[PDB]
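Protein chains in written order, with the deposited numbering: chain B, 1 to 460; chain E, 0 to 459; chain F, 1 to 460; chain D, 2 to 459.
Idealized CB from N, CA, C, for every residue including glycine.
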Amino acid sequence: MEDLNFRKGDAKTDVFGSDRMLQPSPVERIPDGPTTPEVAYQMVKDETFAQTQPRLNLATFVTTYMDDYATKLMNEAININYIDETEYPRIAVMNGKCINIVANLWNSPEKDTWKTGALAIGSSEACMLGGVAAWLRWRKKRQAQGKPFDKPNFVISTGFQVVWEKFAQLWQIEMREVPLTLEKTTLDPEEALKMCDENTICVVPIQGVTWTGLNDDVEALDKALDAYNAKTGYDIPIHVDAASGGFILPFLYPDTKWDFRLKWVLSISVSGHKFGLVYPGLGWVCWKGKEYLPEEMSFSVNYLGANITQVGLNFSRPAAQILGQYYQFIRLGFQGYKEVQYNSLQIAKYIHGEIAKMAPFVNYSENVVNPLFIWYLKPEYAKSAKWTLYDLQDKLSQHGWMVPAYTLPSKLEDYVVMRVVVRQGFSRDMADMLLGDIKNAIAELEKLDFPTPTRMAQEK
Amino acid sequence: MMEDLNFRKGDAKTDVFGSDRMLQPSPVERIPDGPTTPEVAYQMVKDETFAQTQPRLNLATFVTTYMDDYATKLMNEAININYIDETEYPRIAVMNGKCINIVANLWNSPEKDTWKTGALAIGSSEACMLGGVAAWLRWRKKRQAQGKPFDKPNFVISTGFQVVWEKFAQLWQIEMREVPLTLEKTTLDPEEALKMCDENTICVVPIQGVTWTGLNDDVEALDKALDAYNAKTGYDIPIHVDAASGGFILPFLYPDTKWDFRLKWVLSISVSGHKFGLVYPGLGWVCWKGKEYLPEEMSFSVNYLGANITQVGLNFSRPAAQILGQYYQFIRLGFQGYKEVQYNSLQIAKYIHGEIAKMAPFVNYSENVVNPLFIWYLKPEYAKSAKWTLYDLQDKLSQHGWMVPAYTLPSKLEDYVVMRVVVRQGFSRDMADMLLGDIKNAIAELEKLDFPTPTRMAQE
Amino acid sequence: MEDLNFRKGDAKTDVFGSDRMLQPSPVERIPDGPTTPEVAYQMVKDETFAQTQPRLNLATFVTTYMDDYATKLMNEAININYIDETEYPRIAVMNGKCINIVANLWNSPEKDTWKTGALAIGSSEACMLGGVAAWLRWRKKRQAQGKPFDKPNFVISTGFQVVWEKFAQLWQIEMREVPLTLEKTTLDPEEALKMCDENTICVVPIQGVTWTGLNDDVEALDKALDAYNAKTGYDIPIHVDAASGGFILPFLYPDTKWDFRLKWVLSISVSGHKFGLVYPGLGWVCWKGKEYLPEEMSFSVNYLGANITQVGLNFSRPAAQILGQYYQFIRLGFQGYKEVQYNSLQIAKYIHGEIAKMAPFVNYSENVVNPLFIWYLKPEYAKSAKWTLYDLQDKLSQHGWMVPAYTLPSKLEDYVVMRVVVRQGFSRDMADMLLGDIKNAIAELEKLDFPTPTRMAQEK
Amino acid sequence: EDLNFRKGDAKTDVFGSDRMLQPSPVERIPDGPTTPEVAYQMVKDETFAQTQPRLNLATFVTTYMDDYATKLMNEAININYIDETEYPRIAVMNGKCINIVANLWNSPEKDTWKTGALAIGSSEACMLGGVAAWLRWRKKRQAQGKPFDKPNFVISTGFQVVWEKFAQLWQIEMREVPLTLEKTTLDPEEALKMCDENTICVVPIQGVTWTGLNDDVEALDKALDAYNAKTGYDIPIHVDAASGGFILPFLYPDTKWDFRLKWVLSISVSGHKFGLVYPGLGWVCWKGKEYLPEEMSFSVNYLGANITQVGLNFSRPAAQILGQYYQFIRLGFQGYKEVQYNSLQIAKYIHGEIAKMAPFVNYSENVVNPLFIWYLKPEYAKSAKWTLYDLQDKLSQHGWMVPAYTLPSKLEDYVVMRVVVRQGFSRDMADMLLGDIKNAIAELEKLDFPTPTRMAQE
């Protein structure tokens, strides 16, 4: 009783006894014919094995863990198109309720029950929407005064996230960067105001800088910007890129004035899928009032029912992240968020302290205000050391970690640093595992008799 | 002898619907002060999703509402994979590129590079904007080189455009020139489009699968008409095809229809992977005819997620599950498999199209169904004496869970109230008989009215 | 390679790329051949989409939610046939323990450890067993007295559940109905006694009338019946139809005398699958003592093992509901049930209160004693209104709700009422959603310029 | 240190708690609640010490369905069927099942929606047919001026208990036709001798529970035609086809037993036996609309607009309707034929192997349903120290339930044993059962003294 079609893929075929699993996956062209689901499931699934596991990815800021109930909740929503708001009006309201909670978390003074804000895939779309809003407000203002409005610019630290580089390029807007130095490790207000002019649409301080993990002083900028705006009448506003810190500061630092409590903060953006505790696909942008979102940016659609009004760059998109965000708000509340972020900050502080005790390392800062920090080699140690932080990254890669090594932005580009991000799901126990692996890697690297390639490059 | 004092407060013995929390409203304005149990929070969010249309009964949407069990398992397992971390997850980055290769070859790309030029997108929205910005930037580069001005760009499109092109016009301040629809000209006529083209026209946008009508603009006729215009003027006006729906229908069911990179002036094409690419929401693709048509400005590199990460796109951090799903579909189905599924959707649309024409009040907008969707409206003779409109039929079907949208057509057909049915994968012949039965039952009830409906009165 | 049997249903077949999904489901005859399991699962499952979701069914009294553990427990018992008591003696014992708990909940004075009662599919069979028991007791009595017993009759309010009409027709027993008035909204004893005679087998007061949500005064009926029986010697007993109230009164109204505490209450029936919190398929009937269950009604079986004795109309049946009921008793206890029913009552009271504040509505009763209530249009409002409650029902149906509209029983047949049932799994949050939909629906209906069909019929 | 570990908190281990040192409630509802995991175990653990369903060879009711049907039915656990206004698609699906069943039984009815009703099992299905035959008979006798106060019906002594309930609960006289070795099923002439003007119907059985045989319906229909022509009593047949209703159309299509016969006006079956659905399914069909009394139909006003249905039960689970419709689509005629063929072959195989054993003799040489009975060879039983009750106890020690019982009237001296082969009982499980029996026989033959049941037989 032999099965004639066993290898061709029939009801009796075992996946790894088949002809298809002796053939490579398609690179250029769609295969002419189908295979069984099990076969196709393995061929795709098996390719994802040979890469970093998400919970050991310490490079990313983006959430890699949610509890079983949120995961089930979002998995059940995998086939819900959010933009079909006529079909799914309850999710449209839930989305709006999330926006209100976020805006109230940021101390919005807006009295409308439905606060002014928009859903986003991440900080990318959220930041671009805020910038286009400031651009359109600025163009509208300059026309009324007869001044020209064909050469806009915006000011930001060199520790900017790449999305602002897209914003500059894709909208042909000039980016004016304020460099980083050891004396000024975050955005200095004086240095920023010297680059402001009549064509500056906004200044972008960052809460949770990706390169350094620090917070630009938003209140000091608001203080400096008030005198400058009174002196020139340029009426230059602030937009806060709070991609990380937006869900950290309200709970752990409620008294730090950085948000809509400030006069010149007219809009804020955050990544819900970073420290908003939601799986990838969530960003928020809120405005201080209805008047700061230009009427031009609102749109209406007729062929999904009676009417849908939207702000946003994307249209059709998954709704699962909205369910996840609302779940997180209800499941945790203010206390729950506070305790979870406290854990991430405490664990980040702990690694930060243990890294400082190690002979080759020195921390870029003495204060840890986000669940992330950077460090580099002691300059005295680096001169005689045969390895760089790039080599330490490779050692940790062999145990599954991804701890990224990179050079700092402009004027600190000589500094090779390493960054660790502590997200929810990274415990004290996992930190001890990482610290042991780092110490072991240092001992192995210290036995080298010759410099590594990266160490030789560093000698110019 | 065994009373639980904290039963209602939410402890280990609490029943969700015997607790105080389920006697309280869900938060609208502010985050709750404290937490609840996971089961409580799961219900409060999940229960709000009940009172709306079920996705398989949403005949308004084009976006996939069904995938097989293996793809669903595959994508749910990828819920915590951030695609953009390409240093951490290089295999999905390669898989993404292999998908782009497959799509570009599906569209008959002549590019000889193994890695075709294209980019991942959340949907047709981002894909179209990237294609439009690409056409904008090439045109700017041309006008600068020739000393001509480049401060007043425009693009041409039919009035049956999808809303994303209006966003493109508004958010980039680019002029949209619309070609109206008539009963004589139900799709984009090339001659009328050419009348609106000039030295400042960055591209013309024909649509494959017009959302309003389900028809295809004749791309080749446009390409031929555009070639004569460009030869006379030297304006070098290219085509970008908005193939949101038809992009995954035409290669399989109409392989010889010349509409893609086989045409001289088709320099880029966009499609929604989450419509007839058969993937859950969150997927769009855009391809360019060659490497030279994607401006160097549109490419960017990031330093702090690992070694080097380079990618075109508006979004950054995003879910990766849709990439696994799209690649899964290609292997699982192949060309034959895709062909068979789309054939089913087109046949079922044709069948409903045929049965709708047989009904006394209805007439179909077109005699040819080339996409798995179609529109119809009331017979003018019937409409004069009828007391109801298609809006009333929409509400009747809503009582049985259906969403079949009624709307007025775009410019010059705005007097026509039409109804649209979209046949996606997961919508069978049996489900069509159920909908047709509900329509016939709804007609008989509506014909019993003695007075006109409000919507019927508004019309006259 | 091409797969030749892809559409015929083989190992590579996609459900919605197959010939079967281009064919209608069988209406008249069994299909000649088989299909694949996935195909058959979809063809059946897809038909269930286009109807009310159970949690939005406010018409039903039957449980639509159980916790995850009860559901898992019952699903694991799907293949256990209860009647095989020799094979499954532990469930047979478990069934008897449930009967004991119910009888003690109703203050049974029976001294036997194993109380007298029987399992039922629902209130239907439970009521018929109680009625047939009362019928046979009366037959035995009239034989002893030499009186005739060929013309039996029972008394009940016009607000009876249809099972009593089944009992009357299927057993050819005369039903004598006591009408409802606004002065007498429940079964009045004086008028009820007027229909009693020597041939009355029992009177059936109802706890939780389906039409109104009210409770017949069992104690007042028992008091009048004690005097009547002393004067006539007819020996008329009570059977309480407590389908709903049977699981409400012991927890929320323990001191309301209505059960076996009364002299003439000889049997009681209830729906376990309504407010006993069990999925469909559970009913209980209890007698005050062994002497009130006629020996004729009991039977023994020889072919499933040793000996099996049963009272009941059904034989083979699922056992999961017994496991579910016993689980609920252990999991909740008295406090747990009390807390769940209190939530359901408070939510019903809350909706009841909000409905009274609305301009078109007036409540049938001011006191809510079951998690249900009815209301109708204010008569002054109804005269000038263009819509009826039937029109409101269809409006809510368009959002997925099912809220039933119907005419009341005898002497109130002119009254169109609407009923809302608050079961476990219907939260305060869902009540706000429902109320919002009603307010919005009222605003839509008041915009009518002409009366609806149902409104024209009411002018009679 | 967690102070409330034993009281049931977030850290409590189920079996380190005070509750698991306490008995399950017997008389009264517990005063307070417990955690779900605790309550789940307390209920689940009581179900262990009894027969496993796949080893329960006494029952006729399905103990296995495939994974897709099981998932389909589990997902419908909260759907009350009777709310047809809310769930109109299931009401149609139920009617489509009734049409398929009636056409399976060769209904001559021309109406698209065939005449029939849903039932929890053969119990409710049979009673609905009986009440229908009772009401038709009353209506007939009223028109003729004849009396209608003393009805009776005729059935074999091998009746299933639901007919005794019908007799008792409706006060209708049951006239029983005894079983003999000469007449192993309902003999038609003996049945006719007990009929009179007060006979509402005769009940032949397809799949007798005691014996596994089929009453000859055509012979009854032929004999009843002559009797009805002679008397004008107009006595009809109702077939209790609880088991055979889903066997005969597929494996014996040419056997005339159903609506092809003149006097078969109604048929009932158990969907949860050989209809291949989990417990909770029965069907009754009538030959035409005229044979279902208008009195038996009812309408409700408070669930939706109007709901009309025929049945004893009202609210009930809908999962069995989904399961039945799935089975019709998934298997079809070819699929059903193959499954029942497998069950019959396995029954035939065990029957043959049982005959080869020294102590056993089969009650019949023909196996027409996936079940059969046998008893001890009379010569062997006289000198044997054990009965089939003892063999039942032997097999129970390995988890089997193979029931031993005495036959109905006139064969009450025969202690028999029955094996039912449902879907999910394979050739491999049959070899396992046969091996256990051979081992049990060898153990029992080593007895030196008679068992208690063997002394009672003396």
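Asked	Found
Test: residue 435 (chain E) CB closer than 7 Å to a CB of chain B	no
Cα-Cα separation, residue 226 (chain B) to residue 102 (chain B)	26 Å
Contact between the region 13–31 of chain B and the region 378–386 of chain B (3+ Cβ pairs under 8 Å)	no
Proximal residues of chain E, C-beta to C-beta of residue 32 (chain D) below 8 Å	0, 1 and 2
Contact residues within the region 3–18 of chain B, judged by C-beta distance below 9 Å to chain F	5, 8, 9, 10, 11, 12 and 13
Residue environment, residue 188 (chain B), which counts as buried when at least 16 other CB atoms sit within 10 Å	buried
Proximal chain B residues relative to residue 329 (chain E), where beta-carbon distance stays under 8 Å	26, 30 and 31
Where residue 100 (chain D) sits in the DSSP three-state scheme	helix
Per-residue contacts from residue 268 (chain B) into chain E (C-beta, under 9 Å)	By Cβ distance, chain E contributes nothing, its closest Cβ being about 16 Å from residue 268 (chain B), past 9 Å.
Start and end residues, alpha helix (DSSP H) containing residue 59 (chain D)	Segment: none, residue 59 (chain D) is in no alpha helix (DSSP H) and carries neither H nor E.
Alpha-carbon to alpha-carbon, residue 396 (chain E) and residue 437 (chain E)	7 Å
Within-7 Å CB hit, residue 397 (chain E) to chain F	yes
Residues near residue 280 (chain E) in its chain [Cβ-Cβ closer than 6 Å; skip 5 each side]	62 and 273
Chain F within 7 Å of residue 200 (chain B), Cβ atoms only	no
Pairwise C-alpha distance: residue 49 (chain E) and residue 400 (chain E)	12 Å
Residue 126 (chain F), buried or exposed, once every other Cβ within 10 Å from all chains shown has been counted against 16	buried
Residue 127 (chain F) - containing alpha helix (DSSP H), residue span	123–144
Expected contact under 8 Å - CB spacing of residue 331 (chain B) and residue 35 (chain E) to nearest Å	6 Å
Residues bridged to residue 119 (chain B) [DSSP beta-bridge criterion]	B:284
Beta-carbon proximity of residue 391 (chain F) to residue 454 (chain F), cut-off 7 Å	yes
Cβ-heavy atom distance, residue 162 (chain E) to the ligand GTP, below 6 Å	Within the structure as shown, the ligand GTP is missing, as the structure has no ligands at all.
CB contact check: residue 43 (chain F) to chain E, cutoff 7 Å	yes
DSSP bridge partner residues for residue 85 (chain B) (one or two, in chain order)	Answer is none; residue 85 (chain B) lacks a bridge partner.
Within chain F, partners of residue 463 (chain E) - CB distance below 7 Å	Since the displayed chain E opens at 0 and closes at 459, residue 463 (chain E) lies outside it and no answer follows.
Contact list for residue 472 (chain D) against chain E, beta-carbon separation under 9 Å	Nothing can be reported for residue 472 (chain D), as the shown portion of chain D is limited to 2 through 459.
Per-residue burial, residue 222 (chain D) [other beta carbons within 10 Å of its own, 16 or more giving buried]	buried
Contact between the region 353–367 of chain F and the region 69–88 of chain D (3+ Cβ pairs under 8 Å)	no
Three-state secondary structure assigned by DSSP to residue 252 (chain D)	helix
Contact with chain F by residue 162 (chain D), beta-carbon distance below 7 Å	yes
Per-residue DSSP class, three states only, for residue 419 (chain E)	strand
Three CB pairs or more closer than 8 Å across the region 315–334 of chain F and the region 400–412 of chain F	no
Cβ of residue 427 (chain E) within 7 Å of any chain F Cβ	yes
Identity of the residues DSSP links to residue 153 (chain E) by a beta bridge	E:174 and E:200
Residue from D:333, D:165, D:340 and D:242 with nearest C-alpha to residue 312 (chain F)	D:165
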